[PDB]
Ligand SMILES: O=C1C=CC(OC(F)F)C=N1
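Starting off, we have a lone chain in the form deposited without this ligand, written out as structure tokens.
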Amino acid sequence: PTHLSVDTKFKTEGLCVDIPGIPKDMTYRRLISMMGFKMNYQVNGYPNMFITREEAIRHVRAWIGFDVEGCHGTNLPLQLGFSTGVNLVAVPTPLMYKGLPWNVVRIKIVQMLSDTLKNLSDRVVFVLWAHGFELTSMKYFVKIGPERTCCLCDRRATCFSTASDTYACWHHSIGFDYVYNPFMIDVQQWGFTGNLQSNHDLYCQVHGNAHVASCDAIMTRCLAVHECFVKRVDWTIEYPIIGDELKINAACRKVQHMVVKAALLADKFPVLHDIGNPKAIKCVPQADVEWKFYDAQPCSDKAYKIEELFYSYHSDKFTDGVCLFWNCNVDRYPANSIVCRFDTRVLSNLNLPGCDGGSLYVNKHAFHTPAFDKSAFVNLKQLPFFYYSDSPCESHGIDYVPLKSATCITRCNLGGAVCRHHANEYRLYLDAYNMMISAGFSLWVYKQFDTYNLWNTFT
């Protein structure tokens, strides 16, 4: 109960237009053999080219939608499309490349997958809506065998080179021509009525159909993300650390404490309505305020309607005091809000393309986030950068260049010169803030927010 048994049945109805006469009774073992791959009864870490839905969810960073369309099948050219937007034409003799033989097409496939995946995953998972030509084209660019390590490092092998007879990971495969031990999953095996477009269009209006293979590849991965991360949610699955995860999460905690502490000091709200994570803790535990929590899990489909979160009969009066929405995605924030909203458009190794404008943000856990929409912030303004501290000016225990800044809200800056301690803390805070912003988080606040009101907390 870990891998997909090769003896599991494979429904072949979707394959019978490309492969007429295909047997209805089919296993992964017989299908893999039909594809031209010999498994030789190998107990060396690669029991099946195909994987379970559960294993595919654990390796979502490796997902590459793949489709093959007949341009004209041994005699006809094939259009190979990938969810990266690339279309390659292979001759047997939205980027669109002209027809070239397989020996050069396979070098491009390896280069493209390596650049897309080296900072995301240790493997590739081809996400298919299998009709036949994609499965039969794999023998022209895929090699299989025992699990291996890279020739230049300790990572698992993802590529093979016929020129040198060596194996490489995604980071060391320059000049390699074969994809080695890829994984794959057929979305058609999940139980669907109707074609790819009809199922995809039920949940997404952002991916159209220009009738090229890459359009189908994108729609296939999109539908798979919808099924595994939008209609079904598993927040218990852990994902490996691949970048700045720990620094981003630490920065998020620091920024939240800073902004909320300052909003309470500047406007002295008698009550704070904390809307979001049912396991949230008070981000400013020493604040005088009446802290009230409201449970809402992360929305993965569409943003919450403020009318459903707040109305239908709690302080009841959400208009009293301030509302804190820390990564709680709503359609239109109330005017009295402090907000952190993840911008789905951000380019990063943590943020993967999602469904209907949304993105899949993977940092320890996977969170499909609804599309970022600027109109949600109409009653608020962007929160300006600032650093506030009421801690004593005392160095304790890296060198020094005098800090001059209008945004260092400290007693030392009020009285002229910034002390070394507050200058060090200001620089660390600025780095944390820039880290969080660059990760894709955006901050918004009630229009009356004014850091000028923080200087009088030093009297």
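Don't overthink the numbering: it's just position in the shown sequence, from 1.
K.L.:
According to the entry, are there none, 1 to 3, 4 to 9, or 10 or more residues of the deposited sequence without coordinates between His72 and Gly73?
P.N.:
Gap size class: 4 to 9 residues without coordinates, per the record.
K.L.:
Which has the higher mean CA temperature factor in the PDB entry, 74-82 or 123-131?
P.N.:
The entry gives the higher C-alpha B-factor average to 74-82.
K.L.:
Would you tell me which stretch averages the higher CA B-factor in the PDB entry, 369-377 or 302-310?
P.N.:
Higher mean C-alpha B-factor: 302-310.
K.L.:
Out of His211, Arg253, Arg221, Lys118, which one has a C-alpha B factor higher than all the others in the entry?
P.N.:
Among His211, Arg253, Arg221, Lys118, the PDB entry lists the largest C-alpha B-factor for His211.
K.L.:
Among the choices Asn327, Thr162, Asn181, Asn351, identify the one whose CA B-factor in the record is greatest.
P.N.:
That would be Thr162.
K.L.:
Sorting the chain's CA B-factors, does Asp67 end up in the lowest, middle or highest third?
P.N.:
Lowest third, going by the recorded CA B-factors of the chain.
K.L.:
Taking the C-alpha B-factors as the PDB entry records them, is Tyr433 in the lowest, middle or highest third of its chain?
P.N.:
According to the entry, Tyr433 has a C-alpha B-factor in the chain's middle third.
K.L.:
Can you tell me which third, lowest, middle or highest, the CA B-factor of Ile185 falls into for its chain?
P.N.:
As the PDB entry reports it, the C-alpha B-factor of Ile185 lands in the lowest third of its chain.
K.L.:
Once the chain's modelled residues are ordered by C-alpha B factor and cut into thirds, is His257 in the lowest, middle or highest one?
P.N.:
Tercile = lowest for this residue's CA B-factor.
K.L.:
Lowest, middle or highest third: where is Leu100 by C-alpha B factor in its chain?
P.N.:
It falls in the top third of the chain.
The same protein also has a form solved in complex with this ligand, omitted here; what follows describes it.
K.L.:
Overlaying the pocket C-alphas and bringing this ligand over as found in the entry with it bound, would you call this site open, or blocked by 3+ ligand atoms sitting within 2.4 Å of backbone or C-beta?
P.N.:
Blocked, going by where this ligand lands after superposition on the site C-alphas.
K.L.:
Using heavy atoms and a 4.5 Å limit, would one call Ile32 a contact residue for this ligand in the entry with it bound?
P.N.:
Heavy-atom contact with this ligand at 4.5 Å: present for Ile32.
K.L.:
Is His396 close to this ligand in the entry with it bound, meaning a heavy atom pair under 4.5 Å apart or at it?
P.N.:
So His396 does not count as contacting this ligand.
K.L.:
Heavy atom to heavy atom, is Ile144 within 4.5 Å of this ligand in the entry with it bound?
P.N.:
Taking the distances in the entry with it bound, the answer for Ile144 is yes, it comes within 4.5 Å of this ligand.
K.L.:
Does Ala432 make contact with this ligand in the entry with it bound, using a 4.5 Å heavy atom cut-off?
P.N.:
Although this ligand is absent here, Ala432 would stay clear of it in the entry with it bound, with no heavy atoms inside 4.5 Å.
K.L.:
Residue by residue through 45-79, which ones have a non-hydrogen atom no more than 4.5 angstroms from this ligand in the entry with it bound?
P.N.:
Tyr46, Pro47, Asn48, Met49, in sequence order.
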